[PDB]
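# Summary of structural features
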Amino acid sequence: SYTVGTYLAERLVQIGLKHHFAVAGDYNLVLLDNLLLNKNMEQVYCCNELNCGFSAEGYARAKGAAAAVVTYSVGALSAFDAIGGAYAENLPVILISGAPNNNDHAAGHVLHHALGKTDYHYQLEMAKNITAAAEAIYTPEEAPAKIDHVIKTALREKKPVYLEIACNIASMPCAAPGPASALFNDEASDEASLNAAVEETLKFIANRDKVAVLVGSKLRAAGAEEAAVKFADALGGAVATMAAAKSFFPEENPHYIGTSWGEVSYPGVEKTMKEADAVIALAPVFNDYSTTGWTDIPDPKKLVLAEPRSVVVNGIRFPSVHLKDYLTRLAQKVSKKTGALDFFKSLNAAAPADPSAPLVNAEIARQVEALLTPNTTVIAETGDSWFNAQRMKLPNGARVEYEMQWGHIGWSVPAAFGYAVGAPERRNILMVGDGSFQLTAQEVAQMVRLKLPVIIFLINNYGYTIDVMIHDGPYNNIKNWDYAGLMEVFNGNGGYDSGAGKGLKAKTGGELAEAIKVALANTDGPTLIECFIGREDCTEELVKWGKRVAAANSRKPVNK
Amino acid sequence: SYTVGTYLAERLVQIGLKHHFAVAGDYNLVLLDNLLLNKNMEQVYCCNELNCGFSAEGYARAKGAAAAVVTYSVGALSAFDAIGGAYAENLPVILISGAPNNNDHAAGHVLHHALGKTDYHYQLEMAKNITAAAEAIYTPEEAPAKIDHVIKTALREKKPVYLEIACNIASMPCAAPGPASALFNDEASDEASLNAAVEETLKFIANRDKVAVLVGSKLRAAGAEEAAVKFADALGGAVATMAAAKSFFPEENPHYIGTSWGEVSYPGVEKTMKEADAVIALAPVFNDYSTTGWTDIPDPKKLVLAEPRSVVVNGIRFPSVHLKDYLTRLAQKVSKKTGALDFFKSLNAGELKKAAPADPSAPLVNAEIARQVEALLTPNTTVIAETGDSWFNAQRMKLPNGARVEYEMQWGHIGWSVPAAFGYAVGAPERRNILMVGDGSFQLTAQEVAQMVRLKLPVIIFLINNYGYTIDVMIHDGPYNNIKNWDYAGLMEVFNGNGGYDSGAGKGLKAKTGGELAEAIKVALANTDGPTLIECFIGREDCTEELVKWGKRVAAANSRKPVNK
Amino acid sequence: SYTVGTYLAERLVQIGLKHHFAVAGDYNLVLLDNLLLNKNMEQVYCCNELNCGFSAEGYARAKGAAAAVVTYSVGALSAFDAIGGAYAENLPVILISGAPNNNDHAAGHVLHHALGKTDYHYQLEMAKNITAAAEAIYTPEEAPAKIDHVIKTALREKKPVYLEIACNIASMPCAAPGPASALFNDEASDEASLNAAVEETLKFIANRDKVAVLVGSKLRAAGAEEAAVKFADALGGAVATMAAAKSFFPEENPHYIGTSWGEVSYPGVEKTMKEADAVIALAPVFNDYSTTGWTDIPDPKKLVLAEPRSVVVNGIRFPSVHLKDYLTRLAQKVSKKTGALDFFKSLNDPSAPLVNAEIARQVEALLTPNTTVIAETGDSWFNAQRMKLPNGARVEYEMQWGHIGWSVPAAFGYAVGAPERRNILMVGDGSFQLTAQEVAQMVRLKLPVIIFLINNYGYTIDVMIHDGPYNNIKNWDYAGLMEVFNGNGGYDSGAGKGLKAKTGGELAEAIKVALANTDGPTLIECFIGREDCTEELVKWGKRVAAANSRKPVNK
Ligand SMILES: Cc1ncc(C[n+]2c([C@@](C)(O)C(=O)O)sc(CCOP(=O)(O)OP(=O)(O)O)c2C)c(N)n1
Ligand SMILES: Cc1ncc(C[n+]2c([C@@](C)(O)C(=O)O)sc(CCOP(=O)(O)OP(=O)(O)O)c2C)c(N)n1
Ligand SMILES: Cc1ncc(C[n+]2c([C@@](C)(O)C(=O)O)sc(CCOP(=O)(O)OP(=O)(O)O)c2C)c(N)n1
Ligand SMILES: [Mg+2]
Ligand SMILES: [Mg+2]
Ligand SMILES: [Mg+2]
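Numbering of residues starts from 1 on every chain and follows the order in which that chain's sequence is written, so it may differ from the entry's own numbering; residues lacking coordinates are left out. Lettering for chains starts from A, numbering for ligands starts from 1, and both go in the order in which the items are written. Note that the displayed chains come from a larger assembly and that each value is computed for the displayed part only. Side-chain measures were taken over the full set of non-hydrogen atoms in the model, leaving aside hydrogen atoms and water.

- The record lists X-ray crystallography as the method behind this PDB entry and 1.9850 Å as its resolution.

- As annotated in the PDB entry, chain B carries the name Pyruvate decarboxylase and is attributed to Zymomonas mobilis.
- UniProt positions are given in the numbering used here, feature names are shortened, and annotations may be inferred rather than shown by experiment. UniProt, in the comment section headed Catalytic activity, describes chain B in these words: "a 2-oxocarboxylate + H(+) = an aldehyde + CO2".
- The annotation that UniProt attaches to chain B under Subunit is "Homotetramer."

- By the naming in the PDB entry, chain A goes by Pyruvate decarboxylase and is assigned to Zymomonas mobilis.
- Its UniProt record gives chain A the following Catalytic activity comment, quoted word for word: "a 2-oxocarboxylate + H(+) = an aldehyde + CO2".

See the structure below:
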């Protein structure tokens, strides 16, 4: 029948996973063995556990959920960083750690990979801090309930969870997994609440014709993107996206006005939000970065707060209401409120050089924007890449992935890898700076391994420019690499296996243009285009936003 | 006057740090500034936070202590893995994380780099699990006492500690640090307990002729290496080192019989240990690895447990006794108990069976590699030996007095060796620094070699390319033991970036025969302005006989079925 | 041969304990048996775990340290309240819990007294939050090191520690304990640091004639009481005690100017502290209560901060300096700075119903050099504070933790540790009701504790902070409770006495009865009015209310 391992494998398959990512270790080899018995899933290996985790995170952006398997302690602790990331970004990533032989608890035993103490619950306890659920499986009999609990929890809450599994029980017999349908079983919206929430919104915007819709970075987590479009079309008001919510709303929609992000919003959008009589925020995340150093806070007395599972409106809080239902209902009964849109229309709100000239930041953004199609996904790394990506016009169906809540530089590399494994057919573009690329560069080797065509724009401006614009110092300088040259190293052509990765250098617009052509044709492996630009040549947005962030960060203690 | 930052800076200088490692982030930028104000220390930057943590770890092996600075959450959480490592390896690494503005607590503020909630004590709480002390600093006034405490704790317990500093107080005035001596102030040995412990050992060994001394991996942490030599000479007994304690005892010493590691011990050693009437364990760590899958466990009745700060002997436990003091006094009082050594030599077991120089034009084999590397070992040489077959190759090498081996056998995080070798090289410029690392492990942390290139460190790197995780193949083999091959040699010019924004003098070389290996080695030694990577090609099955035997044991112990409880 | 249990027992005797407190459970029965084998120590039993813990805490005030033994979970968690208390009050109380059979870990076993889950580390983890050290012992071999470790930590840091022991290993063999001296083995003051700290203090006060000395509540933890008196006499300056430090300095010493507590200080004191050029603070704890709602904060420009193990003076911090040494060597080198004390000097019905002032007056009259007054949270804080102590008399305050009801178990534990002393307990009705059952143990062991139960019908201290129906209680015949605890005419025996006092005469008469009752405790139920409290309480209470309700500040 089933084992602890094959039970887990079946559950992962049942949730939609076609892959899981792993780094082998003696505490998880038998588990990995068991996972391999499943004929509906592949096992994908990574260089290290940080990357293994971010790879699952990128996979979950593509598939909805993901799984990573590491070894006890030496494997798990670094992965925890990625799991914290998955919590911050609302992605159900399942981390499974190998664990000690069950006989080793309360035994006076010191084990390898651990602290040198005799107890082994510290990993589990750390994990509880950064997950929606965390369970330790010490016996075969308890496996089914714990796996089911953590999986159901991850799916309902759109958050990562933790499982550890004693290495000697991986092949032990246990109960069979029931229907996949049970795993997705959530509660329906409380009818009385949904109705009142809608009625209060209609009452709220009855004498407020200037209605704006603020799209938030939790919109996808709530699976209410489609619903948001219906409402917007019915409302006929202006729709703005928060920076992190880019591509969560169709930009070719006639109601879309661009990015809201304080002083660095799209032209006119900032004024449009302050003129709005009502702001209906759809699954928003308000933090020090999205508010631009706290300079852009929404007015509470005109804000409708439509979170993924609750709605606050007209001074009443309505829990137990799914955003998708809320939006669908409101769409059907809402009247036209086009005031904010008309206003924006009435508003009245870099300079290119030739391809035979030193490459500049604005020329890169342009050529990348020209590559965008409804089948494209852009992975935007923390750095100026955030701002360049944000300024691009997205054809309906084009996606952009941001990690603006966690903001772990280096994320974009293994994430692009994981995402590509999950969406091989898409045009996958990775926009990443040299600074970030160095933390996790090696995962590009796995793109080479799996023959994943990923187009990598490596922005070599020789250091951490985004930090240069927040607060400069010697700590913003790095060792430059021959980034284009790394690809052949990863190919290893000359050793054993093989690789069709390509590394190109771009020092002018013409070169970048040719390099891009080569990248598009290279569908056999990734293509890294090393773009050379100046440290100071960044978006104007970064410079302004950076000053706000720096001011926010350093503001003096307030007497308590 | 002082600031939170410069106070920390001063304390670090005071404990003997000449560098501290860092990865910048807005939560630590002002802190880095303040640290830079103190010119008695250099600020060394790392690619990522895991390496930054292991780089400090390596530095602590070279200098006794170290410090890494990271940014909140995204920086600290991965660094925790290395910090956990410093705990398991008994190294006082000080992890300082930048932290949220102090006004953002109990404010309903969601901040970047965090979980998306409005509280920020989770990192502190996680860190308490892997440190001997962890303190958050939220105001300037509290900074002095917390800094002093963690640092004092680090030094005394020989464990890593944790500090976090609100980003807006780094540059705020605080009281000035006092005398440096106050940081090293530790209790002395309780005189009565020291004397009783020595007396009870004398009584215990009075009629136990065959006395063996087993050197443990916590010996250097206790600072008792020199005293151990004194005691060993006065005892005249057999001295064996546990696997993890290689280089912790002089191998040229006439009392040294080699490695005690169960069925994979040096010839005659396994028999000698079981024949001994008394085993004096010096700062040991008995775990599932050092015991060869629990097959080699010391006899509790014949065991004298001389720990760093306590001795259990003749059925009595004596806390508050420094190992250094214990061994120093025992040395003065002990009589010659040569029984065990006599037995060892009479075994006539000979010495480790080593291969002769291979035909230089013959395909390269594991044994040839180990031979040529061993010939590079000298008094001022240090070999960093990565988890993998490198453990066993390194274990087999004969060390001239002064030669050091660095193992991470408790934590065992593959890839540790690369950042560690960097940190160690920064702290030990006057040694020949060698790194023996497998292809599999190298891939976790390879980018830190670029920092070696950056700081022009002449590290010699033997990259063992056997196309995968051999050590795991010898425990339990599966597809998960294969990796994507790299042109490791070629990686060196990438890190140089010659023709780019800067430069580098690293060299990458390939060796497929003994002859090539020898030539590559000559080149390595001649390259003085940067690290040299020698890519050694050998077969996956071409590994030590020791690994195969050890791997079988480990596998069986890991997989043994649950016991009815 | 020793066992895990007998190893702990011997360590406890070695640190000076003559008693340990316990409440039996199936998780600790065998452990308790092993502890009983040592005849240098009595096992003392309690009504419940909170009181058992607070009993240990009170014992630690008299003996220097103590131990409490409880059963897993149901026993440990409530005791955690009293351990947290021991941490706040800087007392080395060792809490030992019974624990599951070591076979029940990682076995999928659900066990009684637990949460219904199959894991059993939650108690240990909760413990780490409120202790200086926490160790779970699962095998006999690991016992000596963990036992030695927590006990040494307790003695060093003057904080509580935690131990749990698998129920099935208590009587199993382990190494024998070495010499007791190892337990108190602590570091010495760094010489360079001690010498430097003294010199900066001399330099700091060289030109500042008006030196005041502020005595803090951690003075006893630092064991610097005797050294403080040497310093004071050598200095000749003004000496004052913060509220929680009452009796940590001889009130008959000519340098003593009384209590420093902001607008509720002794007459002249608040002004002299402001007039003083330099304030030498000996191990102070500055909190919202000791600062009178943050209204009375020391000026950091004139402040010398001498903590138990560090001194901050003239903007320099000196760690690894024992306060005892600092004061001793400072006393040997300091010259007269009398300005502060000089300044202070020239600044300044028997049958009718009973009032608070009368109770206070008669209690004060009972104070002797052999007396210890346990003062409960309530108006009792302020009544005790206002009393003049003969040199030698002691006052016990739980002013950091402030758990009402603390006083009954603490008084019991304190009396067990110091039977020779005249043990007085000042407790209000409200507080008494949380822990009143431990008076049965005073009876049981024939401890002549004199209890002044202040029956003002409700929580008056809370009345004077912020009033509401929640400050009202159900009244008891408190006096009558004594005969209930005696159980005379039932199973065992009891010599407790309960009396009612509604007038001064009735109070004085019950006090004589209390004095003549040497075979058991004496509860004197004093009837006063809810509003009939100290003026200090009304002032302090106001400042405390204001601090607590301060509006959130911005950003
Ligand atoms: C794991 C980790 N470590 C450090 C950082 C800090 N950090 C940044 C922030 C935004 O998180 C920040 O400063 O707060 S941004 C940043 C530099 C990114 O440099 P790149 O070269 O990739 O970007 P640009 O030069 O801006 O194109 C660093 C190191 C980080 N974000 N994540
Ligand atoms: C961070 C991390 N991840 C995974 C491992 C598991 N792990 C190992 C052990 C020691 O833990 C083991 O399984 O025994 S060994 C190992 C592979 C090492 O392969 P190398 O190519 O460097 O060694 P050789 O092939 O033996 O020369 C891995 C991945 C590990 N030790 N650390
Ligand atoms: C276990 C516990 N529960 C509640 C309290 C709160 N609490 C007090 C304070 C001072 O701690 C406070 O209000 O902050 S004081 C107090 C009532 C004390 O009433 P008593 O009747 O004993 O004192 P008086 O009426 O002043 O004689 C309570 C319940 C407390 N201190 N401890
Ligand atoms: Mg850059
Ligand atoms: Mg290998
Ligand atoms: Mg009352």
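## Structural notes on the coordination of the magnesium ion (ligand 5)
Residue and element names in this part refer to chain B.
- Metal coordination here is assigned from N, O and S atoms located within 2.8 Å of the ion, or within 3.2 Å for Na, K and Ca; omission of water means that sites may look incomplete. For the magnesium ion (ligand 5), the protein coordination sphere consists of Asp 439 (OD), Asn 466 (OD1) and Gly 468 (O), at 2.2 to 2.3 Å.
- Read in sequence order, the donor residues coordinating the magnesium ion (ligand 5) give the pattern D-x26-N-x1-G. Of this pair, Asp 439 sits in helix α16 (residues 439-445) while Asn 466 sits in the loop between β20 (460-465) and α18 (470-473), and the two are 27 residues apart along the sequence. Across the pair, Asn 466 and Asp 439 agree in class, each one buried. Working definition: helices are DSSP H or I runs of at least four residues, strands are E runs of at least two. Numbering for both runs from the N terminus. The cut-offs for exposure are 20% and 50% of the maximum accessible area for each residue type, with area from a 1.4 Å probe on protein chains only; residues under the lower value are buried, those over the upper are exposed, and the others partly exposed.

## Quick notes on the domain arrangement of chain A
All names here are of chain A.
- Residue ranges for the domains trace back to a domain assignment, done automatically or taken from a database. You can read the domains of chain A as domain 1 (1-185), domain 2 (187-349) and domain 3 (350-542).
- Placing the centre of domain 2 and that of domain 3 at their C-alpha centroids yields a distance of 32 Å.
- In what follows, residue pairs with any heavy atoms lying within 4.5 Å of each other are defined as contacts. Every contact between the two is made by 18 residues of domain 2 and, on the other side, 18 residues of domain 3.
- Put simply, buried area is how much 1.4 Å-probe accessible surface two parts lose in total, over both of them, once they are put together. Each partner contributes to the roughly 1,600 Å² buried at the junction of domain 2 and domain 3, and carbon and sulfur atoms together form 53% of this total.
- One speaks of a salt bridge when a side-chain nitrogen belonging to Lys or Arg is within 4 Å of a carboxyl oxygen belonging to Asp or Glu. Across the contact surface, domain 2 and domain 3 share 2 salt bridges.
- Among the salt bridges present, the one from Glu 225 reaches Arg 399, with a minimum N-O distance of 2.9 Å.
- Polar contacts here mean pairs of N or O atoms no more than 3.5 Å apart (in protein, one a potential hydrogen donor and the other a potential acceptor; neighbouring residues in sequence count only if both atoms are side-chain atoms). Linking domain 2 with domain 3 are 13 residue pairs in polar contact.
- A class-by-class count of the residues in the side of domain 2 that touches domain 3 yields 9 nonpolar, 4 polar and 5 charged. All residues other than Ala, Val, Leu, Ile, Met, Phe, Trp, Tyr, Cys, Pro, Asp, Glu, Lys and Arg, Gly among them, are scored as polar; the first ten of these are nonpolar and the last four charged.

## Structural notes on the side chain of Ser265(A)
Residues and elements named next belong to chain A.
- Turning to its location among the elements, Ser 265 is positioned in the loop between β11 (256-260) and α9 (269-275).
- Within the structure, the side chain of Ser 265 is placed 2.7 Å from the backbone nitrogen of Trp 261, a separation counted as a polar contact.
- If we skip the residues at most four places from it in the chain, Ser 265 touches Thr 259, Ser 260 and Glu 270.

## Describing the coordination of the magnesium ion (ligand 6)
Residue and element names in this part refer to chain C.
- Protein-derived ligands of the magnesium ion (ligand 6) are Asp 429 (OD), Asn 456 (OD1) and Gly 458 (O), with the metal-ligand distances lying across 2.2 to 2.3 Å.
- Spacing between the donor residues of the magnesium ion (ligand 6) along the chain follows D-x26-N-x1-G. A residue pair is termed long-range when its members are at least 10 positions apart, and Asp 429 in helix α15 (residues 429-435) and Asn 456 in the loop between β20 (450-455) and α17 (460-463) qualify at 27 residues. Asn 456 shares its class with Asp 429; the two are buried.

## Some details on the site of ligand 2
- When we say a residue is near a molecule or strand, we mean one of its heavy atoms is within 4 Å of it. By nearness alone, 26 residues border ligand 2, and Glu49(A), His113(A), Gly412(B), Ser441(B) and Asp472(B) come closest of all.
- Near ligand 2, the surrounding residues are drawn from chains A and B.
- Taking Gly468(B), its main chain carries an N or O atom lying 3.0 Å from an oxygen atom of ligand 2.
- One nitrogen or oxygen atom from the main chain of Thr470(B) is found 2.7 Å from an oxygen atom belonging to ligand 2.
- Coverage of ligand 2 by the protein chains reaches 100% of its 680 Å² of free accessible surface.
- Counting residues per element, the ones that place at least two in the shell around ligand 2 are α16 and α18 of chain B.
- No other element matches the 4 residues that α16(B) contributes to the shell around ligand 2.
- Looking at the shell around ligand 2, its residues break down into 8 nonpolar, 13 polar and 5 charged. Per-residue accessibility takes into account occlusion by the displayed protein chains alone, with areas from the Shrake-Rupley method and a 1.4 Å probe.

## Quick look at the pairing of strand β12 (residues 256-260) of chain B
Residue and element names in this part refer to chain B.
- The buried count for β12 comes to 5 of 5 residues, which makes it a mostly enclosed element.
- Note: two strands are recorded as paired if DSSP finds a minimum of 2 bridges between them. When strand β11 (residues 238-242) meets β12, the two strands line up parallel, connected through 4 bridges. Along β12, the bridge assignment pairs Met 242 with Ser 260.

## Description of helix α19 (residues 509-521) of chain A
Residue and element names in this part refer to chain A.
- Over its 13 residues, α19 extends 19 Å from the first C-alpha to the last, a length consistent with the 18 Å expected when each residue adds 1.5 Å.
- Where α19 is concerned, the buried positions are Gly 509, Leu 512, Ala 515, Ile 516 and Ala 519. For α19, the arc enclosing every buried residue in end-on projection is 115°, short of the 170-degree limit, so these residues lie on one face. The outward face of α19, more than 90 degrees from its buried face, is lined by the exposed residues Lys 517 and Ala 521.
- If you follow the buried residues of α19, they end up packed against α12 (361-369), β19 (454-460), β20 (502-506) and β21 (527-532).
- With a side-chain oxygen lying 3.3 Å from the backbone nitrogen of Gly 510, the N-terminal cap of α19 falls on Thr 508. Helix span is expected to be 1.5 Å times the residue number reduced by one. Summarising the geometry, the arc corresponds to the directions from the helix axis toward the C-beta atoms.

## A word on the interface of chain A and chain B
- The interface is formed by 100 residues belonging to chain A together with 98 residues belonging to chain B.
- Around 8,200 Å² of area is buried between chain A and chain B when both sides are counted, 58% of it from carbon and sulfur atoms.
- One can count 4 salt bridges joining chain A with chain B.
- With a shortest N-O distance of 2.8 Å, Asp502(B) and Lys479(A) are connected by a salt bridge.
- Taken together, chain A and chain B are joined by 63 residue pairs in polar contact.
- Broken down by secondary-structure element, the contributors of at least two residues to the side of chain A that touches chain B are α2 (29-36), β3 (42-45), α4 (76-88), α5 (122-128), α15 (434-440), α16 (444-449), α18 (483-491) and α20 (540-554) of chain A.
- With 7 residues, α4(A) is the single largest residue contributor to the side of chain A that touches chain B.

## So, the site of ligand 3
All names here are of chain C.
- Lining the immediate environment of ligand 3, one finds 18 residues, of which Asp 379, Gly 402, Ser 431, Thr 460 and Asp 462 sit closest.
- At 3.1 Å, a backbone N or O of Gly 430 approaches an oxygen atom of ligand 3.
- The separation between an oxygen atom of ligand 3 and a polar main-chain atom of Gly 458 is 3.2 Å.
- With the chains in place, 79% of the 670 Å² that ligand 3 exposes on its own is no longer accessible.
- At the level of elements, α15 and α17 are the ones that each hand at least two residues to the shell around ligand 3.
- Here the shell around ligand 3 takes 4 residues from α15, the largest share from any one element.
- Its residues placed into classes, the shell around ligand 3 shows 5 nonpolar, 10 polar and 3 charged.

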